[PDB]
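Which chain is which? The protein sequence lines are A and B, in order.
Using the UniProt record's numbering, you'd call the opening residue of the first sequence number 1514 and step up by one each time.
Using the UniProt record's numbering, you'd call the opening residue of the second sequence number 1418 and step up by one each time.
Backbone N, C-alpha and C define an ideal beta-carbon position, used for all residues, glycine too.
Comments concern the structure below.
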Amino acid sequence: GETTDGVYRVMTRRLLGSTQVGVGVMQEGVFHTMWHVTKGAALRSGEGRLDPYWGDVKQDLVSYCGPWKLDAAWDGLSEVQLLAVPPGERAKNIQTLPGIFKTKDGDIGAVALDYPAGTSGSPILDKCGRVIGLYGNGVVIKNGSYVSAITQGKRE
Amino acid sequence: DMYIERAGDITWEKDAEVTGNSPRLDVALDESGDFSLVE
Ligand SMILES: O=C(Nc1ccc2c(c1)CNCCO2)c1cc(Cl)cc2[nH]ncc12
């Protein structure tokens, strides 16, 4: 149905009224979102149907209509922008300097912004407007706050 | 059944609200895609 490049909300009518379960990025005909938002279920775009193509629970990512197209990465130094799309609220750019998730397999960028779980799948952008990762998978710190990783997929 | 509605363009907005800290945290990623704090 709607194939236009841009940010999108992922909604469901299964619960009371229409509920926003997450967000995704449409780029080069591929819809990219976080696995925990759709669970690999097919999505509807008006009259049209989007079927899953690639998914991985550990990376917590899922692509529709084609392989993962997003390949930009955080440079480790610059401030980034979270294009947050909150449930029932307008899309908003929030600039921040990411922190670090130090893991046994390497370091990952981290955005310490706090949003409801329905904001999952919101794109993190670099200075050129390129999507460097998706917001929605991270950890809860001592003060109950949420710190998400900058989750990026691999472009084949 | 899930569906998508457009929310906007993907552009950098200059003069946007600059907030949030940069924490360096020791974390672990399990087989189920769950992050956890390591101490
Ligand atoms: O709960 C959140 N995210 C999430 C949920 C379920 C889930 C995963 C991530 C991926 N790991 C495997 C299990 O599936 C969440 C997201 C945002 Cl944007 C803000 C939040 N504030 N508190 C929680 C949150």
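What are the boundary residues of the alpha helix (DSSP H) that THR1551/A is part of?
If you number the first sequence from 1, residue 1551/A lands on position 38. Per DSSP, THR1551/A belongs to the alpha helix (DSSP H) from 1548 to 1551.
Distance cutoff 8 Å, beta carbons only. Does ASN1606/A sit that close to anything in chain B?
The residue labelled residue 1606/A in the question sits at position 93 within the first sequence. For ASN1606/A, a Cβ of chain B is located within less than 8 Å of the residue's own Cβ.
Can the beta-carbon of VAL1598/A be found less than 8 Å from the beta-carbon of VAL1543/A?
Locating residue 1598/A in the first sequence gives position 85, counting from the first residue. Locating residue 1543/A in the first sequence gives position 30, counting from the first residue. No.
How would you list, in chain order, the residues of chain D whose beta-carbon sits under 9 Å from the beta-carbon of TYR1628/A?
Of the protein chains in this structure, namely A and B, none is chain D.
Answer with buried or exposed for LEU1626/A, where buried requires no fewer than 16 other C-beta atoms within 10 angstroms of its C-beta.
Here residue 1626/A corresponds to residue number 113 of the first sequence, with the count starting at 1. When all chains shown are included, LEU1626/A counts as buried.
Which word fits residue 1674/A, buried or exposed, when buried means at least 16 other C-beta atoms lie within 10 angstroms of its C-beta?
The structure shown does not extend to residue 1674/A, since chain A spans only 1514 to 1669, so no value can be given for it.
Closer than 7 Å: is that where the CB of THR1664/A sits relative to any heavy atom of ligand 1?
In the first sequence, the residue the question calls residue 1664/A occupies position 151. False, no ligand heavy atom lies under 7 Å from that Cβ.
Can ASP1451/B be considered in contact with ligand 1, in the sense that its beta carbon sits closer than 7 Å to one or more heavy atoms?
Numbered from its first residue, the second sequence carries residue 1451/B at position 34. Annotation for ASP1451/B indicates a beta carbon within 7 Å of some heavy atom of ligand 1.
Cβ of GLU1448/B less than 8 Å from any chain A Cβ?
By one-based count along the second sequence, residue 1448/B stands at place 31. Any Cβ of chain A closer than 8 Å to the Cβ of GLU1448/B would place that residue at the interface, and such an atom is present.
When DSSP labels each residue in this structure, what does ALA1630/A get in the three-state scheme?
For the purposes of this step, residue 1630/A is taken as the residue at position 117 of the first sequence. Helix at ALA1630/A.
Less than 8 Å between CB atoms is the rule here; does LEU1556/A satisfy it with respect to chain B?
By one-based count along the first sequence, residue 1556/A stands at place 43. Residue-level contact by beta carbon holds for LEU1556/A and chain B, with a gap shorter than 8 Å.
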